[PDB]
């Protein structure tokens, strides 16, 4: 912070508030997904045995197709999908939902399709 400034704001009532860092919107998504997908992991006739979430990396075992990988990524566009079925994709917010850079389809919809394509068989 080289400007030789002596003191900007400290206009306390920013700093005397119940203050809080933001939460990566990608981080937010992966949580709403971890326990929404492990609440699906209940009604598997057998065939979605595991979801695990590391450090912004999510693995999803689905033996019917092979194993999904879902990632926090540096931009150029963020959130990464590696699907054993539909291939690789990446996603950024448009209007509150996560959308493919490729064609602009929701990954929320791509998971739905592919998860319930599995409940069938």
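Residue numbers count along the first chain shown, from 1.
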- [ ] With reference to the PDB entry, specify whether the mean Cα temperature factor is higher for 11-19 or for 99-107.
- [x] 11-19
TODO: Would you determine, from the values in the PDB entry, which of 46-54 and 68-76 has the greater average C-alpha temperature factor?
DONE: 46-54
- [ ] Can you work out whether the C-alpha temperature factor of residue 59 puts it in the lowest, middle or highest third of the chain?
- [x] middle
Task: Third assignment of residue 82 from its chain's C-alpha B-factors - done: lowest
Task: Chain-relative CA temperature factor third for residue 34 - done: middle
Task: CA B-factor ranking of residue 40, expressed as a third of its chain - done: highest
